[PDB]
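What follows is a set of notes on a single structure, which appears directly below.
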Amino acid sequence: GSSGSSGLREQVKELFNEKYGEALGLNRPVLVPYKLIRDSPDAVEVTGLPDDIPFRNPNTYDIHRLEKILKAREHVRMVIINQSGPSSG
Numbered sequence: 001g002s003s004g005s006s007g008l009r010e011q012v013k014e015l016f017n018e019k020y021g022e023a024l025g026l027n028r029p030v031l032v033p034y035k036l037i038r039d040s041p042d043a044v045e046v047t048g049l050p051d052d053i054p055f056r057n058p059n060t061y062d063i064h065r066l067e068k069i070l071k072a073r074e075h076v077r078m079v080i081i082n083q084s085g086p087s088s089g
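The entry's author numbering applies: residue 1 is where the sequence shown begins, and numbers increase by one.
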């Protein structure tokens, strides 16, 4: 319930998605199966995120977190714990 232009949200979206891709060893951004990771916390590892900020759907965070995350976009790093992905899609 605010006025302006919700961009960060999307920015963060592509961010987490971007990380996933790189983590998957791909060269393209891929959505993050938070639903899975949720039930399976030993599926993908998420790090680099800002302190005092967990790792969940970017569609909930606040201007701060949204920014913090973005402020740690270069720090944010994903590591495939248990999943393994194919090559050349």
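No residue lacks a Cβ here, since even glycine has one placed at the ideal position from N, Cα and C.
- Residue 31 sits exposed, since fewer than 16 C-beta atoms from the chains shown fall within 10 Å of its C-beta.
- Within the segment 29 to 74, the complete alpha helix (DSSP H) segments at least 4 residues long are 34 to 39, 63 to 70, listed from N- to C-terminus.
- A direct Cα-to-Cα measurement between residue 19 and residue 61 gives close to 18 Å.
- Nearest to residue 49 by alpha-carbon distance, out of 21, 73, 63, is 73.
- DSSP lists 44 as the beta-bridge partner residues of residue 80.
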